[PDB]
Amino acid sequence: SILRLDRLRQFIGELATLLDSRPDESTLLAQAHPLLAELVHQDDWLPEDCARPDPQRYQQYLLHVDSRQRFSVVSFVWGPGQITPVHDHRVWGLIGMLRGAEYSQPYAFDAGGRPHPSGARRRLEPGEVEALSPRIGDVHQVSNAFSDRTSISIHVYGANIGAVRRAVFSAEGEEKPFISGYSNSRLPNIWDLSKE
């Protein structure tokens, strides 16, 4: 229909313009917050392909990578009742819920290296944005708040996320290196303005 891809195009240039200032981390996050907020304020732009859950696993659909890999934009699609392992990120980020809701559980470790939840579980509603900086709390376990519907969140990461070597942590406290990869081997073409 009127898939409104101009808001994706707008978010992307504006994040990039912002980044062209070499802002310090915390300024960057502060100033991007409203930008992602304006992008998830309404749910009328996300291409269908980039919204399909899987029955076995969550999906990360790559929407855009910056020419200099200063950021990537990803659509995180949880099927009903799905849950990630405990893992870190290693780059700045922002998350904004588009539809459904998700839970975020922060983690820390005992001197042995076993993880344990820390602070309580945050619930993220359609519309809300929280900045992540690894300089604060990098390790977490996230999950679909709902057990019976699809939830989707739009993420922004300060790198090509599917190139970042990060870590997943078992209950027993072993660090497994992982690289997330992407669900889609093709990105949507948000760029064909030959439609008006």
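Residue positions are given as counts along the sequence shown, with the first one as 1.
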query	finding
Residue stretch of maximal mean CA temperature factor, 91-99 vs 115-123	115-123
Of 154-162 and 49-57, the stretch whose C-alpha atoms average the higher B-factor in the entry	49-57
Within-chain third of residue 190 by Cα B-factor, per the entry	lowest
Modelled-residue ranking by C-alpha temperature factor, third containing residue 17	middle
Assigned third (lowest, middle, highest) for the C-alpha B factor of residue 64	lowest
Residue 70 - Cα temperature factor, lowest/middle/highest third of chain	lowest
